[PDB]
Ligand SMILES: Cc1cn([C@H]2C[C@H](OP(=O)(O)O)[C@@H](COP(=O)(O)O)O2)c(=O)[nH]c1=O
Ligand SMILES: [Ca+2]
């Protein structure tokens, strides 16, 4: 896998962000996670966490996996990095997302994320509280 450049257009919610990628706007859905909807418990906290992480970064990157790059809604499927730190992993490590939507052949970072989930659970953080 490799990181590619993008620029934030707009944080959307805990697991979606609108970035410009190769000069075109697109909405990215974070691989391998599920944050609560805004209307749900922890949903606002997830949205706020992702927003601050992407808005504060000097450098946003996208990393596609080995399989599907868009989902059925035309959303990009990627791991997103903010100054080198993976947003997907950070959300899981803080108990603000579950590991979810693990489809075969776009699951390169599954075990990293699962390791983070286990530690969030041990710490009884947020969703695990
Ligand atoms: C994360 C992810 C979601 N999806 C689709 C599955 C779900 O379809 P359904 O909408 O039919 O439930 C939907 C969940 O995304 P959200 O959690 O953003 O709603 O996105 C993928 O197809 N591939 C992915 O890697
Ligand atoms: Ca969601």
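Worth a mention:
- Applying Stokes-Einstein at 37 °C and 0.692 mPa s to the Kirkwood radius of the chain, computed over alpha-carbon pairs, gives a translational diffusion coefficient of 228 µm² s⁻¹.
- Against the main long axis of the alpha-carbon atoms of the chain, helix 110-122 sits at an angle near 30°.
- Computed label-point distance, nm, for sites residue 129 and residue 70 using a 7 Å Cα→Cβ extension: 3.9
- Stretching residue 102 away from residue 1 to a fully extended chain increases their span by 34.7 nm, per 0.36 nm per residue minus the current alpha-carbon distance.
- Rounded to 0.05, the FRET efficiency of the residue 119 and residue 37 pair, given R0 = 25 Å and the Cβ-Cβ distance, is 0.55.
- By the Stokes-Einstein formula, at 1.002 mPa s and 20 °C, the range 1-64 with its Kirkwood radius over alpha-carbon pairs has D equal to 177 µm²/s.
- Working ranking of peptides 32-41, 10-19 by packing, defined as the average number of other Cβ atoms within 10 Å per residue, highest first, is 10-19, 32-41.
We place every Cβ from the backbone using ideal geometry, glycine too, and count neighbours over all the protein chains shown. Readers should treat all values here as calculations from the given coordinates under stated rules, not as data from a laboratory.
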